[PDB]
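Summary of structural features
So the chains spell out like this:
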Amino acid sequence: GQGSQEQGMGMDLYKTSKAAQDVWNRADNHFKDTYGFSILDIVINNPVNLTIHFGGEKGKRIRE
Amino acid sequence: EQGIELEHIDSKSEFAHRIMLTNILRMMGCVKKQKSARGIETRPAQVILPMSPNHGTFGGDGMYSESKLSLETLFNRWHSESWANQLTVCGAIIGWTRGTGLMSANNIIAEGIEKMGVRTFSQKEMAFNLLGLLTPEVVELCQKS
């Protein structure tokens, strides 16, 4: 369950395993195409402020 | 470009055209790549194209008309190429604007032109009109058509 979460958890596994690459990327592609952020970016970099923008036809669908 | 007809087209003309078309395309070029790099698909920059309606009606303007007409390609390339999510086109057909309050050669005849039921603009008035193109309503339109 919750609690135990560090910067770049399981990213060692993402680099090697083909099956891992499938899971993260397909999710990541959805996060960009629906909620307009990279979940990878979040895990790898752990930023402090993230700004979601709703410009353009694709932006509109994410805002809705 | 003043007093440059077809025969007198040279260095000056080509250089201006490079400014007034090519580099602007390359600029729209540059912004697209840098936005596609960082995976920013949902924040398009609105390009305000200075349009002329007088596409060579006057002459002696050299490659002015050619530059200003070539920009109209962007209204079709936005549909047909893969940069619609990074840029939008907002072509501003600019009318008469009176400059400063001295005899900049064209201000004298402004009055006469307005007696044909035409209206000429102050700098501040035309600015407002262009700032009109950055209102969140027309922002939405750019991002559809």
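Residues numbered from 1 in each chain as written, not as in the entry; some residues may be left out. Chains lettered and ligands numbered in written order. Part of a larger assembly, values for the part shown. Heavy atoms only, no water. Residues with missing side-chain atoms left out of burial classes, pairs and counts.

Per the PDB record, this model was obtained through X-ray crystallography at a reported resolution of 4.6000 Å.

**A short note on the overall build of chain A**
For chain A, the helix and strand inventory stands at 4 helices and 0 strands. Reading the helices (α) and strands (β) of chain A from amino to carboxyl end gives α-α-α-α. Against the 2.2 N^0.38 benchmark of 11 Å for 64 residues, chain A shows a C-alpha radius of gyration of 14 Å, more extended than a compact globule. Referenced to the eigenvectors of the C-alpha coordinate spread, the extents of chain A come out at roughly 35 × 25 × 20 Å. (Helix = DSSP H or I, 4+ residues; strand = E, 2+ residues; numbered from the N terminus. Rg over C-alpha atoms; globule rule 2.2 N^0.38 Å.)

**Points about the overall build of chain B**
The helix and strand inventory of chain B stands at 6 helices and 2 strands. Order of helices (α) and strands (β) in chain B, N terminus to C terminus: α-β-α-α-β-α-α-α. C-alpha atoms of chain B, sized along the principal axes, occupy 50 × 40 × 25 Å. Restricting the contact set of chain B to residue pairs at least 6 apart, pairs at least 24 apart contribute 88%. (Contact = heavy atoms within 4.5 Å.)

**Comments concerning helix α2 (residues 18–35) of chain A**
For α2 of chain A, built from 18 residues, the straight-helix expectation of 26 Å at 1.5 Å per residue is met to within 8% by its first-to-last C-alpha distance of 25 Å. Directly beyond the C-terminal end of α2 of chain A, a positive phi value near 65° is found at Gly 36 of chain A. (Expected span 1.5 Å × (residues − 1).)

**Regarding helix α1 (residues 11–37) of chain B**
Residues and elements named next belong to chain B. The terminal C-alpha atoms of α1, which comprises 27 residues, lie 36 Å apart, in line with the 39 Å expected from a rise of 1.5 Å per residue. Maximal helix bending in α1 amounts to about 40°, located at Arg 18. Once α1 finishes, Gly 39 follows within two positions and takes phi at roughly 65°, a positive value. (Bend = angle between axes of the 7 residues up to and from the residue.)

**With respect to unusual backbone geometry**
Located in the positive-phi region is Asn 46 of chain A, a residue other than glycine, with phi close to 50°. If you trace the backbone, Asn 46 of chain A turns up in the loop between α3 (39–45) and α4 (56–63).

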